[PDB]
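Atoms within a ligand are numbered from 1 in the order they appear, just like the ligands themselves. Side-chain atoms are counted along with the backbone in the values below, which use heavy atoms only and exclude waters and symmetry mates. We name chains A, B, ... by the order of the sequence lines, and we start the count at 1 in each one.
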Amino acid sequence: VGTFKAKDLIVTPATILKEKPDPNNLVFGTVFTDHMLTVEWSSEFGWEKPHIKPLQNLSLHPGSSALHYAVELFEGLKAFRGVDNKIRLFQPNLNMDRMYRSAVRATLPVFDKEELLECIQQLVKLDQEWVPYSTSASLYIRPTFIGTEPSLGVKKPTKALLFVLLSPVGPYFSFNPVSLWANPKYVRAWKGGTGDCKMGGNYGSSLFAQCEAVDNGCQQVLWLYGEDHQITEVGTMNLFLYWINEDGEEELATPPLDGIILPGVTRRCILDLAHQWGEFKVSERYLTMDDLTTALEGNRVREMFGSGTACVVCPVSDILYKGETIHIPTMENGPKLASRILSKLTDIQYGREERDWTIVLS
Amino acid sequence: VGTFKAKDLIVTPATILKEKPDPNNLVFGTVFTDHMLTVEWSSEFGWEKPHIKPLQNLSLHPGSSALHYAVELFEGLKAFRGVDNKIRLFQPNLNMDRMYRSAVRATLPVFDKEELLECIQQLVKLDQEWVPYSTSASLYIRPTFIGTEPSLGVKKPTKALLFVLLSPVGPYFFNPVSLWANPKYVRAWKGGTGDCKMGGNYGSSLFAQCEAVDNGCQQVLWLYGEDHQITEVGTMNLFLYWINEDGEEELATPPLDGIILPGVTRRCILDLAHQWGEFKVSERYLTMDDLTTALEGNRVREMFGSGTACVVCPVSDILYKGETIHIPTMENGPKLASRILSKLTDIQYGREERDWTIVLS
Ligand SMILES: *Cc1c(COP(=O)(O)O)cnc(C)c1O
Ligand SMILES: *Cc1c(COP(=O)(O)O)cnc(C)c1O
Ligand SMILES: O=C(O)CCc1ccccc1
Ligand SMILES: O=C(O)CCc1ccccc1
Ligand SMILES: [Mg+2]
């Protein structure tokens, strides 16, 4: 057991540089930077030294287990160029904590979280001119970790690769509210499954549901669970509901961490904000379609929104379910809370206000 | 171009051929033959021509969606060298049907099933001396299909690679196995993708499979629901031979309700067992309680797995809730299991005629 170490970094700088794109025209996940990070591991010898080097294709044995049995996991986080022109990461240690836990769930080897973070910082620092010059764009950071065992046995891999990609991305907006496809025939995650980790195999199974959703005029899938049709998540975002609850109290509600919900960083931040403001009840609790339709009949719903790293906050206007369109009155209610959370988090990400949630580049 | 064709195959033979392994030293899945099949697809241009070429690494964009969101799926079938020295496939059209259906569910591009089986046969023929000269060994064929979309959004890929590897194998692991049963982990769920061979179903199973080895088990027995239904034996279908609750002799296996892989072996064994008509045959739910109550009454004769890699794998023991639960499979012959193994191998190795085999092209 052990870890690679950032002090052993080997840097092979590119000698031909790609042109930076316009920050207003960026499509998500499609343009990549000049460099990547790579680190090899074998059970025989452990972790090899980390490399930063020019972006390149991966050379993989076709029997690699990432390709047959989904022995894989990823993370997502961002670097933000401040109004003061300092580049900041936001809650990055939470992503490392999650990554490590995911590795263990997947049977990939463990590593030292602080050491990975430092390696990420030096990567971003080398490609730092790729962090956009714009207050509603950013650099998305994709750490990825795959089994490369050359063998078709289903088992723990004895070889693996950890790598990191960088991709400048732009605003999810200029506030666009979404319609949701709620079809109970599909289930993202089950008790005793891996839905509370960022493991590749949770996502394969959902491209078909996203396609069905667009064919019916919807932008995202609302994931339902169990016999009472609990509402769990929105696409790949956590779900919040701002309403007057069944006892007539103003409440922010979100599903609890009971194994079928991914514990988002955004989710966490929001809950901490809500707790600290102390202005309404905050509840991690079960929410069903009927709870929801009953609330709508009695004018109790203020706002519904997704949260996650790509969107930050994503207002919901409509849910399609049992052959009908159910309107959600989010945009008619400001959306006051959603806009508050958005301006608070973006103020922090871009250094418009001080916070312990940000780290300035190393 | 909506589908590739076998007649466009481009064959690049290898310069130096590797030495074949010993048929009685084979570790499943570890030795590969001289050549592979590869077919590139893109949204814009459709399917490129298929190529048979030397086994090589794949060169993949690190953004490739197979690596991030498990946009991927596979199959598993076998070629068998006959006692008559004719090489045969076993119900391969069923694997093609299943691969196509799973592609549709993965949002991978569709392909002409016949043309793929033809390409596969041409790949086997070129590597035919790898089909081992032994009647307890075979050549494993591994069609595999991955998204190679170089962009990070979760979406239908606009680039894909279809490839086939071949691997000589003996057994997968009568060697009876012991099974680890921990209901804390679930393999697949209703409204999920457990009824197809998508790579995501296997990623999540690994932790449990390691936990099984830590306890001296060879496999995981997958349990489901609050009543602890017994679903599958690792990656094999599960069969139970017993006296049922109405006092009838019965072969039982879980029904195809979404959480169970519809194995080719499983379907053969049910056909055989209907054909013999010596005992009841039921696709029904079975629980750990059904099992332990039956054992207490000395009602259980045999329990075994069945899948391509291991056609019949008997089960002696299950570890559950801190106890070991002995299963008396090996002290009842195991007659049924042996009858089944002997018939399927008779067919697969050509000792009898059958509509389930196809002789190599
Ligand atoms: C990544 C992800 C989220 C959002 O998590 P953040 O850490 O806030 O970006 C939500 N749900 C699912 C299923 C996810 O994969
Ligand atoms: C492959 C597989 C089977 C049986 O497969 P065959 O087509 O009979 O080889 C059963 N269960 C699971 C989970 C599998 O992956
Ligand atoms: O970050 C989010 O809003 C959802 C998580 C996500 C983002 C990009 C690709 C896959 C998952
Ligand atoms: O054939 C089986 O019994 C299960 C299918 C399988 C075999 C080997 C590796 C992955 C899946
Ligand atoms: Mg045709």
Side-chain angles (χ1 to χ4, degrees), chain A residues 28-29 68-69 74-78 95 138 140-142 144 152 154 167 169 172 198 200 202-203 206-207 210 220 233-238 262 264-267 305-314, chain B residues 2-7 63 65 68-69 73-78 90-92 94-95 97-99 102 111-118 140-142 151-155 172 187-188 193-199 201-202 205 219-220 222 231-239 253-254 256 259-270 305-313 344:
Chain A
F28 180 89
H68 302 254
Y69 312 125
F74 66 95
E75 266 302 329
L77 57 158
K78 297 177 170 199
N95 297 272
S138 65
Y140 185 79
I141 302 164
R142 178 44 65 84
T144 319
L152 310 177
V154 188
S167 168
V169 300
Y172 200 81
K198 234 159 173 55
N202 298 325
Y203 299 92
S206 77
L207 270 57
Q210 183 59 8
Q220 294 276 253
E233 309 218 33
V234 186
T236 60
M237 307 180 234
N238 294 293
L262 195 104
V265 170
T266 320
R267 171 180 189 286
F305 58 86
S307 72
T309 302
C311 67
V312 194
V313 193
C314 178
Chain B
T3 187
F4 58 82
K5 291 208 163 77
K7 73 209 223 307
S65 64
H68 295 260
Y69 314 116
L73 70 86
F74 70 86
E75 262 300 333
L77 22 15
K78 280 173 181 192
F90 186 81
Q91 301 224 269
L94 298 185
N95 300 263
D97 294 353
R98 200 218 273 155
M99 192 177 183
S102 303
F111 57 82
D112 183 330
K113 287 183 287 294
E114 286 193 359
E115 298 292 341
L116 211 218
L117 178 57
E118 190 47 36
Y140 192 73
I141 297 155
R142 166 53 65 90
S151 72
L152 304 185
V154 176
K155 94 305 212 84
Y172 183 62
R187 199 185 89 80
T193 56
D195 55 345
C196 59
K197 286 179 110 86
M198 275 153 87
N201 312 339
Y202 303 86
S205 92
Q219 270 307 167
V220 172
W222 294 105
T231 65
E232 286 175 315
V233 171
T235 58
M236 299 167 267
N237 293 293
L238 179 159
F239 281 93
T253 192
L256 294 177
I259 76 169
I260 295 304
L261 194 90
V264 173
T265 319
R266 170 194 180 286
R267 180 30 62 193
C268 295
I269 288 176
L270 291 166
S306 67
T308 294
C310 188
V311 276
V312 175
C313 173
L344 292 175

Can you sort out which atoms of ligand 3 are near [X], meaning under 4.0 Å from one of its heavy atoms?
| X | answer |
| --- | --- |
| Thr309(A) | 1 (O), 2 (C), 3 (O) |
| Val154(B) | 10 (C) |
| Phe28(A) | 8 (C) |
| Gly308(A) | 1 (O), 2 (C), 3 (O) |
| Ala310(A) | 1 (O), 2 (C), 3 (O) |

Under 4.5 Å between any side-chain heavy atoms of [X] and [Y], yes or no?
| X | Y | answer |
| --- | --- | --- |
| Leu152(B) | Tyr69(B) | yes |
| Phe305(A) | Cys311(A) | no |
| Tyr172(B) | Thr308(B) | no |
| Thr231(B) | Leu238(B) | no |
| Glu233(A) | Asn238(A) | yes |
| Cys268(B) | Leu344(B) | yes |
| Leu77(A) | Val265(A) | no |
| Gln210(A) | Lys155(B) | no |

Where ligand 2 meets [X] - atom numbers and elements under 4.0 angstrom, heavy-atom basis:
| X | answer |
| --- | --- |
| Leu261(B) | 1 (C), 2 (C), 3 (C), 4 (C), 5 (O), 10 (C), 11 (N), 12 (C), 14 (C) |
| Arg187(B) | 13 (C) |
| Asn237(B) | 4 (C), 10 (C) |

Determine whether a donor-acceptor pair (N or O, by modelled atom type, separation under 3.5 Å) exists between the side chain of [X] and the backbone of [Y].
| X | Y | value |
| --- | --- | --- |
| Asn201(B) | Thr193(B) | yes |
| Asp112(B) | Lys5(B) | no |
| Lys113(B) | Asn95(B) | no |

Close N or O approach ([X], ligand 2; < 3.5 Å):
| X | value |
| --- | --- |
| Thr308(B) | yes |
| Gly263(B) | no |
| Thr265(B) | yes |
| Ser306(B) | no |

Looking at [atom], what's its closest protein heavy atom, distance included?
| atom | answer |
| --- | --- |
| atom 7 (C) of ligand 3 | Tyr140(A) OH, 4.0 Å |
| atom 5 (C) of ligand 3 | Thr236(A) OG1, 3.3 Å |
| atom 2 (C) of ligand 2 | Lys197(B) NZ, 2.5 Å |
| atom 7 (O) of ligand 2 | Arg98(B) NH2, 2.3 Å |
| atom 9 (C) of ligand 3 | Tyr69(B) OH, 3.2 Å |
| atom 11 (N) of ligand 2 | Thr235(B) O, 2.9 Å |

Quiz item: Cation over ring, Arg266(B) on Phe239(B), under 6.0 Å and within 45°?
Solution: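 No cation-pi geometry.
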
Quiz item: Has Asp112(B) got an N/O/S atom less than 2.8 Å from the Mg ion (ligand 5)?
Solution: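 It does; at least one qualifying atom falls short of 2.8 Å.
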
Quiz item: Can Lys78(A) be said to touch ligand 3, with heavy atoms closer than 4.0 Å?
Solution: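 So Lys78(A) does not count as touching ligand 3.
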
Quiz item: Does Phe28(A) have its ring centroid less than 6.0 Å away from the ring centroid of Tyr140(A)?
Solution: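 Close enough - the centres of the two rings lie under 6.0 Å apart.
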
Self-check item: Close approach of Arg267(B) to ligand 2, heavy atoms, under 4.0 angstrom
Solution: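 It does not; every heavy atom stays at 4.0 Å or beyond.
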
Exercise. Using non-hydrogen atoms of the residue, decide whether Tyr202(B) is closer than 4.0 angstrom to ligand 2.
Key: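 Right, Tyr202(B) reaches ligand 2.
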
